[PDB]
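A single chain, nothing else alongside it, follows as structure tokens in the form deposited in one PDB entry.
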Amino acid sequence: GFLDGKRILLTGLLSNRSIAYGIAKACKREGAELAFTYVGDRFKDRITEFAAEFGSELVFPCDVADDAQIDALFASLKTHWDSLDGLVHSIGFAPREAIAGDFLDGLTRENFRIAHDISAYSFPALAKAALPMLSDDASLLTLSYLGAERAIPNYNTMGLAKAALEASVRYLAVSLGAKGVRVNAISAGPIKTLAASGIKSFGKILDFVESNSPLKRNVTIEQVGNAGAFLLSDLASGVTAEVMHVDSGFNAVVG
């Protein structure tokens, strides 16, 4: 495949419906060696099964809230890999009331801090931590959503963080571009995942996109996965600082 010999670290793989899971499957198919992260002592079993499922024994704990675990992540990976080719940032979180009902109702300084801490800062944080062992043609990938660019019901505080996330894609691309590293994001359409359950009336969003998107259909973690695999490969060596919509074209219309 077009990822033969590429070593890729994936975050955010929580279940077999996770976006990170879709990307992992596509990357393995295209011939990459994978490494995974998990959050919390408990999930170690579930993620190891997933890793083994993709032919990997490399799993590392990393709660992006903790600077310690982040530095430890790449110190540990370095004992197995001396060169990192790909990094998949598929991580997001906000207190649930900050993504429910009215934007102001759920707004608190703490909710704001957490949402941006975990959903935005973590990307460039991981990048900075990985820099020393990044190959010269390395590719960094993150996941964003249309809510960053336009106001979407219930998305609220998460929207602000995503806007920051996308801005970081650009500033990262400039900082790491000299070395030859590319940084991109995929703005994915709605997908029924674990995290998606916390967004109020997510079903309304799925129905609406299926009805109004140009392709009249929702996207899959396979379609997002393939797009991700492409951006991580040398096929996209001309692409950086890009926010690529994988949403059946929904962003481009007025529903």
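So that there is no doubt, residue numbering starts at 1 and follows the sequence shown. Residues that one form lacks are left out of the comparison. Under this definition, the rigid core comprises the largest set of C-alpha atoms superposing within 1.5 Å between the forms.
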Requested in this report: Could you settle it for me: does 99-107 or 175-183 have the higher average Cα B factor in the PDB entry?
Outcome: 99-107
Query - Per the entry, higher mean C-alpha B factor between 153-161 and 78-86 - result: 78-86
Query raised in the report: Which one of 219, 26, 194, 39 shows the top CA temperature factor in the record?
Result: 39
Query - residue 211 - Cα temperature factor, lowest/middle/highest third of chain - result: highest
Report summary line: By the entry's values, the third containing the CA B factor of residue 136 is the highest
Report summary line: Here the Cα B-factor of residue 9, set against its chain, lands in the third termed highest
Requested in this report: Taking the values exactly as deposited, rank residue 203 by C-alpha B-factor within its chain and report the matching third: lowest, middle or highest.
Outcome: highest
Report task. Would you mind ranking residue 16 by its C-alpha B-factor against the rest of the chain and naming the third, lowest, middle or highest? Result -> highest
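Same protein, other form: the form deposited in another entry, not shown, and the subject of what follows.
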**Report entry** Option from 226, 213, 56, 193 moving between this form and the one not shown, CA shift at or above 2 Å, rigid core reference
**Finding:** 193
Query raised in the report: Which is it in that other deposited form for the CA atoms of residue 196 and residue 220, closer or farther than here, knowing they shift by 3 Å or more?
Result: farther
Query raised in the report: Your call: residue 207 and residue 194 CA atoms, closer or farther in that other deposited form versus the shown structure, by 3 Å or more?
Result: closer
Requested in this report: Rigid core superposed, please list the runs of 3+ consecutive shared residues whose C-alphas all move by 2 Å or more between this form and the one not shown.
Outcome: 192-199
